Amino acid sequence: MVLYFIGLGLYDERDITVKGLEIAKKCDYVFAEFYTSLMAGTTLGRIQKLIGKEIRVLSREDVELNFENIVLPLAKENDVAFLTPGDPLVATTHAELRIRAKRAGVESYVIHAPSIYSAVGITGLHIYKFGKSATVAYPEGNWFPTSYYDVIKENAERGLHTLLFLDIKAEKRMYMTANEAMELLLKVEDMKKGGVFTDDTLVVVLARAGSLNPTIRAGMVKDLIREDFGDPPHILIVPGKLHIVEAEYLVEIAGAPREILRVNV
């Protein structure tokens, strides 16, 4: 008589925790959503196969409007699981869904999974040095979001790193690339001139974490902005002040210029 929030992990269907896989198997109903992120290494088919259940996929509307009409009821009698890419509660508004469940008399449990928020550790940057985070959103119409630019600025002054989730348009099937994100920030630099993001700023790009051969590249915008990083999902990082060892990792593992090694202490 419970409902389960089970993460699916970063890349393919095997990125799920054993615990999550065994609970999903003994589940009466299985729902899922694939609009919060992109699992570029699998297919609903491979997932259903690994689970041994038919998975009913929900849209953002079904969830943000009819979660308690579509899913909660079934959990007032059976054992239902809600699957999501990566960690179900990270950089999503799903947490509020738990209150819905509560208010509906349904117990909820969270089975975590590998998230991009911690996967950044593979870039060589210290996870504790990351400051506030932000999302580079696609401008739409005459509306041009810029808040993320200020986030990058704030952290930079404190010497902290910035994690930038790139935008996604699941239904339109649009997945922002690091390049597009780099382009937008340049145009925001022009508008604001805070000297926060420029052709020289060092950036880090992580593509397809969770795959066994992800793309990890570091360098100055001008040198990376026109580079092919492979298929999405992509994630962008604007480092703050580096530690020698962070720099060494970036050069030896991310192909950055042996010059960034000279940290301007």
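Numbers for residues come from their place in the sequence shown, where the first is 1.
Averaging C-alpha B-factors over each stretch, which comes out higher, 229 to 237 or 49 to 57?
The stretch with the larger average C-alpha B-factor is 49 to 57.
Identify the stretch, either 36 to 44 or 193 to 201, whose C-alpha atoms have the larger mean B-factor according to the entry.
Comparing averages over the C-alpha atoms only gives 193 to 201.
Based on the PDB record, which member of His112, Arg158, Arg103, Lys132 exhibits the highest Cα temperature factor?
Within the set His112, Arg158, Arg103, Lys132, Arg103 shows the top C-alpha B-factor.
Using only the C-alpha B-factors in the record, can you name which of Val120, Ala95, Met174, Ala91 has the highest?
That would be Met174.
C-alpha B factor of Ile253, ranked within the chain: lowest, middle or highest third?
CA B-factor rank for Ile253: middle third.
Rank-wise, by C-alpha B-factor, drop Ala24 into the lowest, middle or highest third of its chain.
Top third by C-alpha B-factor.
Split the chain's modelled residues into thirds by Cα B-factor; is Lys153 in the lowest, middle or highest one?
Its C-alpha B-factor, which the entry lists for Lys153, ranks in the middle third among residues of this chain.
Taking the C-alpha B-factors as the PDB entry records them, is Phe144 in the lowest, middle or highest third of its chain?
Its C-alpha B-factor belongs to the highest third of this chain's values.
Considering only modelled residues of the same chain, in which third does the CA B-factor of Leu164 rank: lowest, middle or highest?
Ranked within chain, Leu164 CA B lands in the lowest tercile.
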